[PDB]
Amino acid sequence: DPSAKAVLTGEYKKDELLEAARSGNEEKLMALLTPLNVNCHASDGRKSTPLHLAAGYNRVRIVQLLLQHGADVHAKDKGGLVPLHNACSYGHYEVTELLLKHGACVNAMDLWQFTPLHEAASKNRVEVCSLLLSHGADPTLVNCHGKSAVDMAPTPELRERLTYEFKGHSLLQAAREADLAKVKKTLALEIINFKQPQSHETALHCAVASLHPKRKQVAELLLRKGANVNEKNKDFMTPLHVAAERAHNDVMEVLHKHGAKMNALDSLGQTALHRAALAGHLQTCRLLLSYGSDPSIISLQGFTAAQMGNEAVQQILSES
């Protein structure tokens, strides 16, 4: 029968095209590849296309040729895998990059809801995981077993990496789209302004109160990493109030440098100047006056800084 013979012959060429793709035989591939078989499927097993097999067996040049000659990057096998699944499962970085360049869907789900990242994570393909994340892969998506790529990552280091890089790329993408709400959401758990639950002190409050020799460098680093210079604790003390009351004059200057408000009032209506005056810290008072602290401010108890201070403080203050 003419129709049946044609089917058998086509099936033969098809089997051999698949074999050439699988083995990386470029000559054989280009001899067998036609518009009628470029997206053929194997008869048995997963019924892979030539692209699935070239991707899974790291046949970079075959992948290029298939895509150049009409191969479907989105072609599904019997289980719903796309070729990106195959490349990622086996850690083929160059192939993965090429499939993504040709429009492969980074979170494509097969019939068990496995994504390419499930594959790369589960088989510890560290570099490919990073690549996938940079293209928007989401490692929190669960398969049919309820497992995410994070759940499947075989090491704590890879798990940490998936989460960190996912947050990082999410932040970048939100910034690219100027998506203000997503930017805020990705930054929700930054620790720089973490507050001690009771007293509402931040690392900057702690730093400026520290007795240890590196407090100046530590406060400076915190401010560079985004510490709020005017954060108030439970008693409405800013870091300036804290530094002023202990005469930590080195850190006071960095606070001023970073825009610390001189006339912030604590819960008693006191400035940093009141607190310096009350404690008898002469140089602290001079520094605070030069920064533009207002000496006339009257505390809740009815006192100016001068009214709370010793003779030497009073002299400093009437010069202003």
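Position 1 is the first residue in the sequence shown; the rest follow in order.
- Message: Averaging CA B factors per stretch from the PDB record, which one is higher: 197-205 or 166-174?
- Response: In the deposited entry, the stretch with the higher C-alpha B-factor mean is 197-205.
- Message: I need to verify one thing: averaged over C-alpha atoms only, is the B-factor higher for 152-160 or for 132-140?
- Response: Averaged over C-alpha atoms, the B-factors run higher in 152-160.
- Message: Using only the C-alpha B-factors in the record, can you name which of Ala54, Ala264, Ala42, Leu268 has the highest?
- Response: Out of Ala54, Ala264, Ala42, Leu268, the record gives the largest C-alpha B-factor to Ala42.
- Query: What's the residue among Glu231, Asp179, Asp235, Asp77 with the greatest CA temperature factor in the PDB record?
  - Reply: Comparing C-alpha B-factors across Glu231, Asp179, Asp235, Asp77, the maximum falls on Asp77.
- Message: When the deposited Cα B-factors of this chain's modelled residues are ordered and cut into thirds, is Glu190 in the lowest, the middle or the highest one?
- Response: According to the entry, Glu190 has a C-alpha B-factor in the chain's lowest third.
- Query: Should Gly103 be placed in the lowest, middle or highest third of its chain by the C-alpha B factor in the entry?
  - Reply: For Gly103, whose C-alpha B-factor we compare with every modelled residue in the chain, the answer is the middle third.
- Message: Please place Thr96 in the lowest, middle or highest third of its chain according to the CA B-factor in the PDB entry.
- Response: CA B-factor rank for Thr96: lowest third.
- Grab the CA temperature factor for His212 from the record and place it in the lowest, middle or highest third of its chain. Highest third of the chain for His212's C-alpha B-factor.
- Task: Please place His258 in the lowest, middle or highest third of its chain by C-alpha B factor as given in the entry.
- Result: Its C-alpha B-factor, which the entry lists for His258, ranks in the middle third among residues of this chain.
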